[PDB]
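Q: Please read through the structure below; I'll follow up with questions.
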Amino acid sequence: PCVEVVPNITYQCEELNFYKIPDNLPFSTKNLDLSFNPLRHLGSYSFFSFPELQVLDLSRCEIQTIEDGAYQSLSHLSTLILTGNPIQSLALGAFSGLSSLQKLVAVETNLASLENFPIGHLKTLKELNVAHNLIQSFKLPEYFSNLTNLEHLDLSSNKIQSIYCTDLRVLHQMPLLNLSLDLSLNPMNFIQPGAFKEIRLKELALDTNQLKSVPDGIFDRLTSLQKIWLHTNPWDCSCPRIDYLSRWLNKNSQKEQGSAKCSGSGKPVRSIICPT
Ligand SMILES: *[C@@H]1O[C@H](CO)[C@@H](O[C@@H]2O[C@H](CO)[C@@H](O[C@@H]3O[C@H](CO)[C@@H](O)[C@H](O)[C@@H]3O)[C@H](O)[C@H]2NC(C)=O)[C@H](O)[C@H]1NC(C)=O
Ligand SMILES: *[C@@H]1O[C@H](CO)[C@@H](O)[C@H](O)[C@H]1NC(C)=O
């Protein structure tokens with residue numbers, strides 16, 4: 001049926017027209033690629049014959065629902081990819097048993113909020129990619145206080161329009177060493193003052209949004225910052241509004257990735273010098 005890539009270790013089962021998890025596979029399998037298969041639903045213990053799973057790819061499997069305890073057995077799974085599944089229902093315990101999950105990829109899974117996302121138990125989670133979804137709020141649920149290992153959070157291409165100070169409230173009780181935050185390609189046109197106060201970010205992606213200006217000293221408390229994207233935004237370079245950001249981008253050209261340009265001229269924000 002599938003295609004053995006690594007004996008008793010890795011197999012390729014995509015494009016085979018499967019509706020159920022294959023059984024004619026070594027119970028030692030570590031990596032399984034079940035992508036592009038009409039699984040439709042995932043009941044409890046859907047992966048029982050795979051106690052040795054570390055990587056599971058379920059991308060585009062027409063999955064509509066994941067019941068409670070779907071991966072209950074997979075206790076050694078570190079990477080789970082669910083990209084492209086039209087999830088119309090996610091059980092409270094859908095991710096029960098995943099006590100070693102480090103990477104959860106849920107791009108394009110009709111995710112509308114992070115509140116009803118049963119991941120508050122995956123304390124080992126390091127990377128959460130929920131890009132290309134319907135998330136409208138950047139309000140990080142309280143359960144994010146237990147994900148003390150998260151270093152990558154990709155919320156790009158969603159429906160976030162603002163960034164309030166309360167949004168990152170949770171990130172003050174952990175801590176979180178090197179957290180790379182992507183919020184690019186969002187209908188974002190507003191950021192609230194000090195929204196990143198007492199916050200420690202290594203990378204910040206805010207490019208290709210709807211930003212015309214940002215609060216003064218918005219990036220004051222941020223010495224852990226190594227990279228930042230702000231390019232492709234309708235920056236208003238009228239002074240003294242663009243004063244703070246022009247000075248900052250110029251005095252931090254190394255960090256900045258790409259180039260934030262003025263709207264109506266194309267001039268780099270870092271080049272603008274506001275008169276006192
Ligand atoms: C892939 O997994 C298979 C099992 O599904 C491995 O083959 C099996 O290897 C064991 C050895 O650990 C064999 O069991 C017994 O081994 C002793 C050696 O002391 C021997 O005296 C017995 O006669 C018996 O062979 C078992 O028969 C064998 N089964 C198969 C599939 O033929 C295999 O080693 C794994 N692939 C690798 C990493 O080589
Ligand atoms: C935090 O996450 C842990 C994971 O073991 C869970 O038991 C707990 O309910 C969550 N909230 C609390 C009480 O800290």
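Residue numbering restarts at 1 in every chain; chains get A, B, ... in the order shown in the structure tokens, and ligands count up from 1 in that same order.
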Identify, counting only C-alpha atoms and all ligand atoms, the protein, DNA and RNA residues located within 9 Å of ligand 1, and give them as a list in words.
A: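 The residues near ligand 1 are residues 6, 7, 8, 9, 26, 27 and 28 of chain A.
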Q: Considering only C-alpha atoms, return as a list in words whatever protein or nucleic-acid residues lie within 7 Å of residue 129 of chain A, sequence-local ones (same chain, fewer than 2 positions apart) excluded.
A: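 Contacts, with the query itself left out: residues 104, 105, 106, 107, 127, 131, 153, 154 and 155 of chain A.
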Q: At a cut-off of 9 Å and counting only C-alpha atoms and all ligand atoms, what residues surround ligand 2? Please answer as a VMD selection string.
A: chain A and resid 99 120 to 123 142 to 147
Q: Store the residues picked out above, limited to C-alpha atoms, as a short mmCIF file (atom, residue, chain, number, x, y, z; two decimals), in the first residue's frame.
A:
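File written: again.cif
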```cif
data_model
loop_
_atom_site.label_atom_id
_atom_site.label_comp_id
_atom_site.auth_asym_id
_atom_site.auth_seq_id
_atom_site.Cartn_x
_atom_site.Cartn_y
_atom_site.Cartn_z
CA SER A 99 2.85 14.82 26.18
CA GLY A 120 -3.22 24.31 27.05
CA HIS A 121 -1.88 20.93 28.16
CA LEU A 122 0.98 20.66 25.63
CA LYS A 123 3.46 22.35 28.00
CA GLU A 142 -4.64 32.34 29.80
CA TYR A 143 -3.61 28.70 29.15
CA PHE A 144 -0.59 30.18 27.38
CA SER A 145 0.87 30.63 30.87
CA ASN A 146 1.72 26.90 30.97
CA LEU A 147 3.33 26.77 27.52
#
```
Q: Rank A:98, A:150, A:111, A:171 by their smallest atom-to-atom distance to residue 53 of chain A, using only C-alpha atoms, and report the top residue only.
A: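 Smallest distance to residue 53 of chain A is found for A:98.
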Q: Pick the closest to residue 126 of chain A from A:208, A:180, A:157, A:162: which is it, counting only C-alpha atoms?
A: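 Counting only C-alpha atoms, the residue closest to residue 126 of chain A is A:180.
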Q: Measure the distance from atom CA of residue 134 of chain A to atom CA of residue 172 of chain A in Å and round it to one decimal.
A: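 Atom-to-atom, atom CA of residue 134 of chain A and atom CA of residue 172 of chain A are spaced 26.2 Å apart.
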Q: For atom CA of residue 109 of chain A and atom CA of residue 159 of chain A, determine how far apart the two atoms are, in Å to one decimal place.
A: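 Computing the Euclidean distance for atom CA of residue 109 of chain A and atom CA of residue 159 of chain A yields 14.0 Å.
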Q: Nearest to residue 233 of chain A: which of A:85, A:271, A:35, A:184 is it, counting only C-alpha atoms?
A: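 So, comparing all the options, the nearest one is A:184.
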Q: Might you pull out every residue within 7 Å of residue 10 of chain A, with only C-alpha atoms counted and same-chain residues fewer than 6 positions away left off, and present them as number ranges by chain?
A: A: 4, 29-32
Q: Kindly export the residues of the current selection with C-alpha atoms, as a compact mmCIF listing (two decimals), in the first residue's frame.
A:
```
# COMPACT_ATOMS: atom_id res chain seq x y z
CA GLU A 4 8.65 2.17 2.68
CA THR A 29 7.05 3.31 12.80
CA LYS A 30 8.46 6.66 13.89
CA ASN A 31 7.33 8.78 10.94
CA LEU A 32 4.09 8.50 9.00
```
Q: Figure out the distance between atom CA of residue 37 of chain A and atom CA of residue 16 of chain A, please, to one decimal in Å.
A: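 Those two atoms sit 6.6 Å apart.
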Q: Please identify all polymer residues within 8 Å of segment 252-267 of chain A, counting only C-alpha atoms, omitting same-chain residues fewer than 3 positions from it, and present them as a ChimeraX atom specification.
A: /A:225-237,248-249,270-272
Q: Using N, CA, C and O atoms, can you export the residues from the last selection as a short mmCIF file (atom, residue, chain, number, x, y, z; two decimals), in the first residue's frame?
A:
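Saved result, result11.cif, follows:
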```
data_model
loop_
_atom_site.label_atom_id
_atom_site.label_comp_id
_atom_site.auth_asym_id
_atom_site.auth_seq_id
_atom_site.Cartn_x
_atom_site.Cartn_y
_atom_site.Cartn_z
N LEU A 225 15.37 41.86 20.96
CA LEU A 225 14.98 41.90 19.56
C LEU A 225 16.18 41.81 18.61
O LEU A 225 17.11 42.61 18.68
N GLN A 226 16.13 40.83 17.72
CA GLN A 226 17.21 40.62 16.76
C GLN A 226 16.77 40.86 15.32
O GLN A 226 17.58 41.23 14.47
N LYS A 227 15.49 40.64 15.06
CA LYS A 227 14.95 40.83 13.73
C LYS A 227 13.53 41.40 13.83
O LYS A 227 12.78 41.07 14.75
N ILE A 228 13.18 42.27 12.88
CA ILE A 228 11.86 42.87 12.86
C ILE A 228 11.46 43.25 11.44
O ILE A 228 12.24 43.86 10.70
N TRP A 229 10.24 42.85 11.07
CA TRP A 229 9.69 43.15 9.75
C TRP A 229 8.58 44.17 9.90
O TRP A 229 7.70 44.03 10.74
N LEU A 230 8.63 45.20 9.07
CA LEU A 230 7.66 46.28 9.10
C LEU A 230 7.38 46.80 7.70
O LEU A 230 6.48 47.61 7.48
N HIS A 231 8.17 46.31 6.75
CA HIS A 231 8.06 46.68 5.35
C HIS A 231 6.64 46.42 4.78
O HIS A 231 5.83 45.74 5.42
N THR A 232 6.34 46.97 3.61
CA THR A 232 5.03 46.82 2.97
C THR A 232 3.85 47.23 3.89
O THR A 232 2.90 46.46 4.08
N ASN A 233 3.92 48.42 4.50
CA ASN A 233 2.84 48.97 5.33
C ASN A 233 2.69 50.44 4.92
O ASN A 233 3.68 51.12 4.68
N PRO A 234 1.44 50.94 4.86
CA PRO A 234 1.14 52.33 4.48
C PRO A 234 1.63 53.38 5.46
O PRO A 234 0.84 54.20 5.93
N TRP A 235 2.92 53.37 5.77
CA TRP A 235 3.46 54.36 6.71
C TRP A 235 3.21 55.82 6.33
O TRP A 235 3.42 56.23 5.19
N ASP A 236 2.73 56.58 7.31
CA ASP A 236 2.46 58.01 7.18
C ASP A 236 3.71 58.76 7.66
O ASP A 236 3.91 58.91 8.87
N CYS A 237 4.54 59.22 6.74
CA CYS A 237 5.77 59.89 7.12
C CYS A 237 5.69 61.38 7.43
O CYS A 237 6.70 62.10 7.39
N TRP A 248 14.10 55.32 15.19
CA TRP A 248 14.31 53.95 15.61
C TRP A 248 14.78 53.04 14.46
O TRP A 248 15.79 52.35 14.59
N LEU A 249 14.06 53.03 13.34
CA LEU A 249 14.44 52.17 12.22
C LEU A 249 15.82 52.48 11.67
O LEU A 249 16.52 51.59 11.18
N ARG A 270 13.47 55.02 7.69
CA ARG A 270 14.71 55.29 8.40
C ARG A 270 15.43 56.54 7.91
O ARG A 270 16.17 57.17 8.67
N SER A 271 15.20 56.91 6.65
CA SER A 271 15.83 58.08 6.03
C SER A 271 15.18 59.39 6.45
O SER A 271 15.83 60.43 6.51
N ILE A 272 13.88 59.35 6.73
CA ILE A 272 13.15 60.55 7.15
C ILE A 272 13.72 61.11 8.44
O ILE A 272 13.98 60.37 9.39
#
```
